[PDB]
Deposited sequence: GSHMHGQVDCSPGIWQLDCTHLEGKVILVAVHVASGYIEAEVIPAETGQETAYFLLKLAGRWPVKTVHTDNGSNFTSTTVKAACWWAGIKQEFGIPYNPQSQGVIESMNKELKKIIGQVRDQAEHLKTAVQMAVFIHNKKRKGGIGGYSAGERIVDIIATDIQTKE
């Protein structure tokens, strides 16, 4: 239900790493292919994300993802807090993968298919779409 809560995880496909962020209340996602599963990539990603949406806290299924100096710096600067599992489910990474499989032949590069999958997932009404729900959640929260 909370407006600023996001979940961030890496998956793998085709020998490559996909970083997936989910806005938990809405199910809206942002994902991209990253060259390697490093702190640098995660830090840059978080900075982009924070600039675009209100990101108040981030949860993850791999806490170690967040130990890098580099990630800590991005969360410090953007003012993001961790939500520890120390501290309800998802399997979006399966759903995303499903859509990625459906569109895969439409593109050469996996990264391209991923963006196609994100678009499709975000716009799928089923009731609003996730894209509609996140703005409605954010707008309501504002006013």
Counting from 1 along the deposited sequence, give me every gap where there's no C-alpha, start to finish. 1 to 9, 97 to 103, 143 to 146, 164 to 166
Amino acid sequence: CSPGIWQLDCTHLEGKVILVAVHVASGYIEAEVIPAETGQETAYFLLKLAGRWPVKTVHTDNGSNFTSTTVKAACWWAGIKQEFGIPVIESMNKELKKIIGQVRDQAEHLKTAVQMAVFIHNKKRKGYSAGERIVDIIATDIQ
From here on, numbers count along this sequence of modelled residues.
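Between two forms, the rigid core is the largest collection of C-alphas that superpose within 1.5 Å.
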To spell it out: superpose each other structure in 4 other deposited structures of this protein onto this one by the rigid core, compute Cα RMS over structures and residues for 31 to 39 and for 76 to 84. Which is larger? 76 to 84
More variable segment, 66 to 74 or 91 to 99 [Cα RMS over structures in 4 other deposited structures of this protein, core-superposed]: 91 to 99
Pick between 107 to 115 and 93 to 101: the one whose mean CA B-factor in the entry is higher. 93 to 101
Going by the mean C-alpha B-factor recorded in the entry, which is higher: 5 to 13 or 127 to 135? 127 to 135
Check the PDB entry and point out which of 61, 32, 41, 83 has the largest C-alpha temperature factor. 83
Split into thirds by Cα B-factor across the chain's modelled residues, where does residue 87 land: lowest, middle or highest? highest
Divide the modelled residues of the chain into thirds by Cα B-factor and specify which third, lowest, middle or highest, holds residue 36. highest
